[PDB]
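Structural overview for review
Spelled out, the chains give:
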Amino acid sequence: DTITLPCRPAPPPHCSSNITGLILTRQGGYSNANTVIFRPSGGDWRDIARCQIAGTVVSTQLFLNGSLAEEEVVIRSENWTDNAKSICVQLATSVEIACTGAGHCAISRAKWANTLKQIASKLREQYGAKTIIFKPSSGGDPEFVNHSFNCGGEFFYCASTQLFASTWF
Amino acid sequence: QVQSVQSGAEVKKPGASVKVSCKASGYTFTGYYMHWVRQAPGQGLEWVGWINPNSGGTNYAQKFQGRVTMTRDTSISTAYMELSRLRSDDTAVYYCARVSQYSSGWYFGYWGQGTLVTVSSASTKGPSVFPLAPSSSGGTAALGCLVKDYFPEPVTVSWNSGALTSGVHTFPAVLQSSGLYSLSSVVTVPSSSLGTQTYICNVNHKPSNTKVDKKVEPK
Amino acid sequence: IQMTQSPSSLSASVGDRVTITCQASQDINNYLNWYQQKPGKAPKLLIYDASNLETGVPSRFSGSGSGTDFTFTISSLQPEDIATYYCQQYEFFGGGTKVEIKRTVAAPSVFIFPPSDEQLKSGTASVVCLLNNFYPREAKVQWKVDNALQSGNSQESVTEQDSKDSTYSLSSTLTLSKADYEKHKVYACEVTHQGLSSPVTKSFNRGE
Ligand SMILES: *[C@@H]1O[C@H](CO)[C@@H](O)[C@H](O)[C@H]1NC(C)=O
Ligand SMILES: *[C@@H]1O[C@H](CO)[C@@H](O)[C@H](O)[C@H]1NC(C)=O
Ligand SMILES: *[C@@H]1O[C@H](CO)[C@@H](O)[C@H](O)[C@H]1NC(C)=O
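Residues numbered from 1 in each chain as written, not as in the entry; some residues may be left out. Chains lettered and ligands numbered in written order. Heavy atoms only, no water.

Structure determination for the deposited model, as stated in its record, used X-ray crystallography, and the stated resolution is 2.79 Å.

As annotated in the PDB entry, chain B carries the name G001-14 Fab heavy chain and is attributed to Homo sapiens.

In the nomenclature of the PDB entry, chain A corresponds to Germline-targeting HIV-1 gp120 engineered outer domain eOD-GT8-mingly-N276 from the organism Homo sapiens.

Quick look at the structure:
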């Protein structure tokens, strides 16, 4: 099984990249029970630039063809208690995202769940032994609510909703 | 004067939605996050969420995750909050505030004047006035008027066409379970003036175009 | 984060030293803000980062603390400092501490009002209890119908502090239907207050 992301327009097969990290936003307020919630980033291009882990490809939510980590995935933030400060994730094993050309890009479901569990484990280090929950983007302009990226004189908009819908105890 | 101006007070039925505006006067949004904080009539401050004006991204409190939506209009420097599926618990004053994007902490500044949102199933209704007749404390007797079943606020109550203003204690209105407001306006007068002085309360309800004058007689 | 701000309310004279404490449950370092909200207005920042003073705030205001224990102090209370003060750290606010004015103790004058027949014609009956000009606000009103304690049918209303004698006033309303008002005969509201040695009761019988 794979995870399908609807894109617009249809990215050609040569726009397939490697997910080398992502950018997150922690949901605030009085949390309930044993859960901490994370979504795609609610910031602008400032939050993506603060990472300095991306390559030549401009991209939101997911970093494509960027910098990998040495051994394990590693996360940074200016302030872990400020939810207005985004959480930068740098993977150690890149996830292949391959587009068919008919409007759907695909991602291995098992390898994505594999990296999400590594992310959730590293997030429990910064917020205690809690349940990690990933949820879709809260909203924003089409450039930031979708996984947007440029590829050879183009700019695509891919809904990343199916990527953020898991729970980790 | 640099300030944040908000839309006027609103009344909504339970289950409906309300959209509150927060327009920047003398400044722009590009360097700040806009936060929304609400305060129930007698309660403390509660944070609702923030919005990124450059991207439209948001981060709502988990309490309002499924029902609140924040947008902004950069061309007019106005932030919006729309709360859907309103319930009686949502009756509060909703503020907007400025927080620097480049700041290490949250320093709420340049608050709006506040927006009173009242959730009630009632329609605009004029108030019924009933007298509180004095009866058998010392040299001072107490009399008043009972203003029940009206919506929405406010009602102005004067005594003797505005001539009697000493010893008048007009209590804040209370929202009843029926969805209507009710207050009491009392005044302490010497017991000698009863029977020799005519006491009339003048109630004015501008939302319903109703003015009622009630003379309060003893025994 | 849990914000415990104490006390909930306090009364002080003009010129006394007011001290408000906000203590967090977790190590927040030196970052803690203090807001002042006068009635009807929006909160206003006075102290940021526990000890620093925002521009334009008088020097009588001060704050201190680090880690989890923080204090907010007003050196010399002024007639423009009566308000509710909140501690804030990110999205979490303290419960608030309302500043009140201290005067001598005053016993409330209690009155009772039977429902007027003009209201009896409408199908509802409202009984009103009054506590005029008293201090402190801390009071207790109990409605007794046929010498039976009533609950769920009472509504209270407190006036704001008087600017002249610095007292409060109280109105408790007991709302019953006409059919239920005509049943029981005797109605009374019992009041307990510091200024009263024993609880005071005002009562009437329906139809007298
Ligand atoms: C990432 O690199 C691969 C390999 O060179 C390339 O084919 C692909 O187009 C790149 N992705 C983007 C979005 O440019
Ligand atoms: C992505 O990484 C894989 C190994 O995980 C590598 O074979 C491939 O060349 C990289 N780039 C693309 C565009 O697949
Ligand atoms: C977050 O910022 C505040 C205020 O600058 C500071 O006190 C606190 O230590 C910071 N926390 C972290 C984890 O950096």
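**Brief notes about the overall build of chain A**
Threshold: Secondary structure elements follow DSSP: runs of H or I of four or more residues count as helices, runs of E of two or more count as strands, with numbering from the N terminus. Burial classes: relative accessible area under 20% of the type maximum marks a residue as buried, over 50% as exposed, and values in between as partly exposed (1.4 Å probe, protein chains only). Throughout, a contact is declared for two residues whenever any of their heavy atoms are within 4.5 Å. Areas reported here follow the Shrake-Rupley algorithm with a probe of radius 1.4 Å; residue values treat only the protein chains shown as occluding.
Looking only at helices and strands, chain A features three helices and 11 strands. Counted from the first residue to the last, chain A has its helices and strands arranged as β-β-β-α-β-β-β-β-α-β-α-β-β-β. Seen along its three principal axes, the alpha-carbon backbone of chain A occupies a region of about 45 × 35 × 30 Å. Expressed as a percentage of its 169 residues, the buried residues of chain A come to 51%. Long-range pairs, those at least 24 residues apart, make up 70% of the contacts in chain A with a sequence separation of at least 6. With an accessible surface of roughly 7500 Å², chain A has 51% of that area assigned to carbon and sulfur atoms.

**A closer look at the site of ligand 3**
Quick note on the threshold: Any residue with a heavy atom positioned within 4 Å of a molecule or strand is treated as near that molecule or strand. In protein, a polar contact means a hydrogen-donor-capable atom and an acceptor-capable atom, both N or O and within 3.5 Å, with residues adjacent in sequence counting only if both atoms are side-chain atoms; elsewhere, any N or O pair within 3.5 Å suffices. In the scheme used here, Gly and all other residues not listed as nonpolar or charged are polar, with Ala, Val, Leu, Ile, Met, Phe, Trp, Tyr, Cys and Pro taken as nonpolar and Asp, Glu, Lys and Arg as charged.
The immediate surroundings of ligand 3 are formed by A:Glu78, A:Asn79, B:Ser104, C:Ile28, C:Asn29, C:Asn30, C:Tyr31 and C:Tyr90. Residues near ligand 3 are shared among chains A, B and C, making this a multi-chain site. Contact distances for ligand 3 include 2.8 Å between an oxygen atom and a side-chain N or O atom of B:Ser104. In the shell around ligand 3, the residues fall into three nonpolar, four polar and one charged.

**Considerations on the nonpolar core**
Our working rule: Take the buried residues of types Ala, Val, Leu, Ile, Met, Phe, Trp, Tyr and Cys, join any two whose side-chain atoms come within 4.5 Å, and each joined set is a nonpolar core.
Judged by nonpolar contacts, the single largest core of 43 residues is most densely connected at B:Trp36, B:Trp106, B:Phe108 and B:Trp111. Secondary-structure elements contributing two or more residues to this core are β3 (18–25), β4 (32–39), β5 (45–51), β7 (68–73), β8 (78–83), β9 (92–100) and β10 (115–119) of chain B. Ranked by residue count, the leading element in this core is β9(B), at six residues. Not counting residues up to four positions away in its chain, the partners in contact with B:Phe108 are B:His35, B:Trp47, B:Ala97, B:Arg98, B:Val99, C:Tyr35, C:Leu45, C:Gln88, C:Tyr90 and C:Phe93. Formed by 38 residues, the second largest nonpolar core is a distinct cluster that contains A:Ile3, A:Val57, A:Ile107 and A:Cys158.

**Description of the state of the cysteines**
For clarity, the threshold we go by: When two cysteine sulfur atoms are found within 2.5 Å, that pair is recorded as a disulfide.
A complete count under the given rule lists eight disulfides over all chains for this structure. Sulfur-sulfur distance for the disulfide between A:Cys15 and A:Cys151 comes to 2.0 Å. Linking A:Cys15 and A:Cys151, the disulfide has an S-S dihedral of approximately -95° and is accordingly described as left-handed. Taken together, the positions of A:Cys15 in the loop between β1 (2–8) and β2 (17–26) and A:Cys151 in the loop between β9 (147–150) and β10 (155–158) put the pair 136 residues apart, joining distant regions of the chain. Residue classification places A:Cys15 among the buried residues on the basis of a relative accessible area of 5%. Each sulfur of the disulfide joining B:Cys145 and B:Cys201 lies 2.0 Å from the other. Across the disulfide from B:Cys145 to B:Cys201, rotation about the S-S bond amounts to roughly -90°, and the bridge is consequently left-handed. Here B:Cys145, found in strand β12 (residues 140–150), pairs with B:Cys201, found in strand β17 (residues 200–205); they are 56 residues apart in sequence, far enough to count as distant. Comparing B:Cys145 with B:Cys201, the two get one shared label, buried. Numbered in order of appearance, the disulfide-bonded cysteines of chain B are paired 1-2, 3-4.

**A look at the sheet that holds β4(B)**
Residue and element names in this part refer to chain B. Here is the rule: Strand pairing follows a simple DSSP-based rule, namely that at least 2 bridges must link the two strands. Axis definition: a line fit to C-alpha positions, over the contact stretch in the case of helices; interaxial angles, taken between N-to-C directions, run 0 to 180 degrees.
If you trace the six strands from one edge of the open sheet to the other, you get β2-β10-β9-β4-β5-β6, paired in mixed fashion. Of all the strands in the sheet, just β2 (10–12) and β6 (58–60) have a single pairing partner and so form its edges. With direction set aside, neighbouring strand axes in the sheet form an average angle of 25°. For β4 and β5, the ladder comprises six bridges, and the chain directions are antiparallel. For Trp36, the partnering residue across the bridge sits in β5 and is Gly49.

**Details of the interface of chain C and chain A**
Heads up, the rule is: Joining two parts hides part of their accessible area as seen by a 1.4 Å probe, and the buried area is that hidden amount summed over both. Here a salt bridge means any side-chain nitrogen of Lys or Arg lying within 4 Å of a carboxyl oxygen belonging to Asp or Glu.
Contacts between the two partners involve five residues from chain C and, on the opposite side, seven residues from chain A. Summed over both partners, the interface of chain C with chain A comes to about 490 Å²; 43% of that surface belongs to carbon and sulfur atoms. It is C:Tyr90, C:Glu91 and C:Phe92 in chain C that bury the most area against chain A; as a group they hold 83% of the surface buried on that side. Scanning the region where chain C abuts chain A turns up zero salt bridges. Here the side of chain C that touches chain A is composed, by residue class, of four nonpolar, no polar and one charged.

**Observations concerning the pattern of salt bridges**
All told, the structure shown has 20 salt bridges over all chains when counted by the stated rule. For the salt bridge of A:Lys85 with A:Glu78, the shortest nitrogen-to-oxygen distance reads 4.0 Å. Residue A:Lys85 is classed as buried on the basis of its relative accessible area of 7%. On the basis of relative accessible area, A:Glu78 is assigned to the partly exposed category, the value being 42%. B:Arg67 is the partner of B:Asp90 in a salt bridge, and the nearest nitrogen-oxygen pair spans 2.6 Å. On the criterion of sequence distance, the pair formed by B:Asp90 in the loop between β8 and β9 and B:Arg67 in the loop between β6 and β7 is long-range, its members being 23 residues apart. There is no split in this pair, since B:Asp90 and B:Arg67 are both buried. Each of A:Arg46, A:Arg50, A:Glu78, A:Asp82 and A:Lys85 takes part in one network of salt bridges that share partners.

**Digging into the packing of aromatic side chains**
To keep things clear, this is the line we draw: We call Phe, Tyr and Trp rings a pair once their centres come within 6.5 Å, taking the six-membered ring for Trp, and we label the pair stacked below 30 degrees between planes, edge-to-face above 60, and tilted otherwise. Charge-over-ring placement is defined geometrically: NZ (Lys) or CZ (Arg) within 6 Å of the ring centre, and within 35 degrees of the ring normal.
Tallied over the full model, the rule gives 31 aromatic pairs over all chains. Aromatic pair B:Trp111 and C:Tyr35: ring centres 6.2 Å apart, planes at 75°, arrangement edge-to-face. With one member in each of two chains, B:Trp111 in the loop between β9 and β10 and C:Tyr35 in strand β4 (residues 33–37) form a pair that bridges those chains. With 4.9 Å between their ring centres and 35° between their planes, C:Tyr181 and C:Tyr187 make a pair best called tilted. Just as C:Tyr181 is buried, C:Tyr187 falls in that class too. What links up through ring pairs into an aromatic cluster is the set B:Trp47, B:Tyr95, B:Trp106, B:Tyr107, B:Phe108, B:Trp111, C:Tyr31, C:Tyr35, C:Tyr48, C:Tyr90 and C:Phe93. It is B:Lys19 that lies over the ring of B:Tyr80; its NZ or CZ is 4.6 Å from the centre.

**Considering the site of ligand 2**
Residue and element names in this part refer to chain A. Neighbouring ligand 2 are the residues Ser16, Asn18, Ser94 and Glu96. Within the contact set of ligand 2, an oxygen atom lies 2.6 Å away from a side-chain nitrogen or oxygen of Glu96. With the chains in place, 37% of the 360 Å² that ligand 2 exposes on its own is no longer accessible.

**Details of the pairing of β4(B)**
Remark: a regular strand shows side chains that alternate across the two faces of the sheet. Residues and elements named next belong to chain B. Judged by how many residues are buried, β4 sits mostly within the fold: seven of eight residues are covered. Pairing geometry for β4 and β9, over eight bridges, is antiparallel. Its bridge partner being in β9, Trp36 is matched across the sheet by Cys96.

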